[PDB]
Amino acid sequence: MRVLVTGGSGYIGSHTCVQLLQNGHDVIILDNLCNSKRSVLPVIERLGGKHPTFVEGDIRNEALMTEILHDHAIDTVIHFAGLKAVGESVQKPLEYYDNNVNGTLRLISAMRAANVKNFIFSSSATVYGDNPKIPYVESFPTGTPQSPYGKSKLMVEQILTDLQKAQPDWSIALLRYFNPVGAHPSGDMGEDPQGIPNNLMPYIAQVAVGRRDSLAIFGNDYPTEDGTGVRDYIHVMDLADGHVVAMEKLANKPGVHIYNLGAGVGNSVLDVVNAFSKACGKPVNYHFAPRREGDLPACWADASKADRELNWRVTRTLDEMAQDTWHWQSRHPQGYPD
């Protein structure tokens, strides 16, 4: 198929793109480069064994979107473009609502105009908000997310939902997940965060690499097996894979197809650290801190539906998430070149 991948050069998008090309689809990447570099492009092409078209631009530019759409005869769109830093979202809420909410709106409005009706939304498990029932299942109603980031994701979920309802020929997937981790097995692509990493894994990696002194673990008194918080971590390759199957199987199947993507189990902070110490050959440094405010002791997603309906499940392990991450750090200590 002909797919427009917004946010194509990002962490998730990059890996998705590689898997897309490998499956032989024609890929058009639309990215404003606000959080990625052109330098990943050639990597994608190489790893994908095929050339993707790149367009520098912004989802908020409805006119350009339309143009793209038409120009490339897009059949479907995978939308990864947006801001995703939670703390920053609390500080800069307007930028989050404009990039996520308005940005998707402008994107779908252009699809409407270009006659495109297959969409895959890279969503978020924050949409379940504060549900005490875990693991979370697609059949649980959503809750009220705590940051502007989370709120923005749900708002887009609702708008897409209403749209489909008004334009019932549309096929829209809402892919929910938590923590993408790892890197391509080649060690030639991976997460390249600028500044202090918000996510555990990359933080760990940086500490390990010697850029950070020690990991502060928020709380050691949860009602968890080891006392640290339990989260859901998904290898970026599996997630990319989930994105492709979803795209491929849902195309032209009218509806709002909601799926949680994850391993189906949780892993504690210590488990993540130990797996990491294991990958990098040395004990990761850490210390305890107090519960970070708004944290649940444990949380994870039930991924039965995706298994059943898309015949999709993860295949990478926590250890692999670690190795691969350390592998990319090790081969490209400076990340993507400028």
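Throughout, we count residues from 1 along the sequence that is shown.
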{"property": "Greater mean Cα temperature factor according to the PDB record, 244-252 or 202-210", "result": "202-210"}
{"property": "Mean C-alpha temperature factor, higher of 55-63 and 290-298", "result": "290-298"}
{"property": "Given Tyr222, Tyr259, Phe121, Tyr128, the residue at which the Cα B factor reaches its maximum", "result": "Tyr222"}
{"property": "C-alpha B-factor winner, where the candidates are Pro197, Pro180, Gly150, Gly87", "result": "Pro197"}
{"property": "Entry-reported Cα temperature factor of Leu4, expressed as the chain third it lands in", "result": "middle"}
{"property": "Modelled-residue ranking by C-alpha temperature factor, third containing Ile134", "result": "highest"}
{"property": "Assigned third (lowest, middle, highest) for the C-alpha B factor of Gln329", "result": "highest"}
{"property": "Lowest, middle or highest third - CA B-factor, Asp26", "result": "highest"}
{"property": "Position of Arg38 among the chain's modelled residues by C-alpha B-factor, lowest, middle or highest third", "result": "highest"}
